[PDB]
Ligand SMILES: *[C@@H]1O[C@H](CO)[C@@H](O[C@@H]2O[C@H](CO)[C@@H](O)[C@H](O)[C@H]2NC(C)=O)[C@H](O)[C@H]1NC(C)=O
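Protein chains in written order, with the numbering used here: chain H, 1 to 186; chain X, 187 to 310; chain Z, 311 to 358.
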């Protein structure tokens, strides 16, 4: 056996029909003689190599962007309050709803996902990180309520606790409310 | 597909920028935006048995769906900025003279009116 | 408080500005894309 090659390469691509998901980069050919493992005779094999690359525009526009937007929106919602001197809401329902919405998107478009147990694909690594920061975010938002409710016991914060608070605020770009200034003056 | 998403987007837009009282604290509006995005995301990908699902170009229907998503996502951020502006009154610094001057002339074109309690405060 | 009232009205005027702006974008995007697609569909239907 011997190979016959074309002008552009070993495999003719002049009448190829373009695919909507894959693109052909190149082709190779190799002729090899192999030995029988029982006899002192050879046989000829022809190897054809085809290199194809995926087109990620559909996945980028359909999965990555909506989840990134939703995660950012949830992050903004977690740490925003209408009034400084007011009790805050649970924020647990918002986190569960965000997780439910993101869980719906990943597994219901899973007709095209790899679904492999050999390794963790790039898209899989991206989705897990969004889940953890949402799950960690709902716990961090709950800790703010616990700190705020400590004022119902009647013990003022420690001197060092208040000292550290007043210096981080200028870098944080937060300002003391008017009613708090009036309490100090009184 | 086109009609239900257009109706939902318009309803969400109306809900984003509507308040019961002018002199009252507003709600988060974050949950409404997420729910609208979740509802719209459900419709596009669960009827996707007939969608093109191609990576060569962006079809006309795909371009329509993305624009609705951005204005909803931008709308939830714009609604959050209204709360931040309103809460600036808790610091005690009155708005600048030029800020209040510009506000009173846009209002007649905007078709908004000053509340009665605000007029009484000026008189007092 | 007069200071609170002044900032309350600034947000009220700003909110209505957003409402007008976001409906113009919605009308242009929804009507413009669908009408453009129908025009292409109509011409090829009747010119062939
Ligand atoms: C069958 O194929 C083998 C492939 O290895 C051939 O082995 C070559 O033999 C020559 C001498 O005849 C050496 O100079 C080469 O180095 C060998 N190849 C390699 C890769 O080492 C063999 O000649 C072929 N024909 C037979 C066995 O009749």
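Note that beta-carbon positions come from the ideal geometry of N, C-alpha and C, so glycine has one too.
With respect to the 8 angstroms criterion, residue 49 of chain H and residue 34 of chain H are not classified as neighbours on the basis of their beta carbons. Taken in chain order, the complete alpha helix (DSSP H) segments of 4 residues or longer contained in the region 64 to 137 of chain H are 65 to 78 and 92 to 108. Sorted by chain position, residues whose beta-carbon lies closer than 5 angstroms to a non-hydrogen atom of ligand 1 are H/33 and H/42. In the three-state reduction of the DSSP assignment, residue 306 of chain X falls in the helix class. Membership of residue 318 of chain Z in any beta strand (DSSP E) is not indicated; the residue belongs instead to the alpha helix (DSSP H) covering 312 to 356. Cβ contact annotation for residue 1 of chain H (same chain, cutoff 7 angstroms, sequence separation greater than five): 44 and 46, in chain order. Of the residues assessed, residue 68 of chain H falls on the exposed side of the cut-off, its CB having fewer than 16 other CB atoms within 10 angstroms.
Across the region 272 to 284 of chain X, CB contacts with chain Z closer than 9 angstroms involve 272, 273, 274, 275, 276, 277, 278, 279, 280 and 281, in sequence order along the chain. Take the alpha-carbon of residue 245 of chain X and the one of residue 251 of chain X: they are about 10 angstroms apart.
When rounded, the separation of the alpha-carbon atoms in residue 25 of chain H and residue 58 of chain H is 20 angstroms. Between residue 101 of chain H and residue 70 of chain H, the C-beta gap is smaller than 8 angstroms, which places the two residues in contact. Among the CB atoms of chain X, none fall inside 8 angstroms of the CB of residue 355 of chain Z. Contacts with chain X at 8 angstroms (Cβ-Cβ) include residue 319 of chain Z.
By the 16-neighbour rule on beta-carbons within 10 angstroms, residue 114 of chain H is exposed. For residue 219 of chain X, the residues of chain H that pass the 8 angstroms Cβ criterion are 73, in the order they occur in the chain. In this structure, residue 83 of chain H sits away from residue 253 of chain X, with a CB-CB distance that is not shorter than 8 angstroms. For residue 292 of chain X, the uninterrupted alpha helix (DSSP H) segment begins and ends at 283 to 296.
Taking the C-beta atoms as reference points, residue 325 of chain Z is found no nearer than 8 angstroms to residue 275 of chain X. For residue 294 of chain X, the closest of Z/311, Z/323 and Z/343 by C-alpha to C-alpha distance is Z/323.
Taking 8 angstroms as the cut-off, the Cβ atoms of residue 219 of chain X and residue 255 of chain X do not count as close. Contact note: residue 165 of chain H does not reach chain X at a C-beta cutoff of 7 angstroms; the least C-beta distance is about 17 angstroms.
Interface annotation for the region 199 to 210 of chain X against chain H: empty, criterion Cβ-Cβ distance under 7 angstroms. With contacts defined by Cβ atoms closer than 8 angstroms, residue 105 of chain H and residue 66 of chain H form a contacting pair. Straight-line measurement puts the Cα of residue 272 of chain X at about 24 angstroms from the Cα of residue 168 of chain H. Under DSSP, residue 45 of chain H takes part in a beta bridge, and its partners are H/32.
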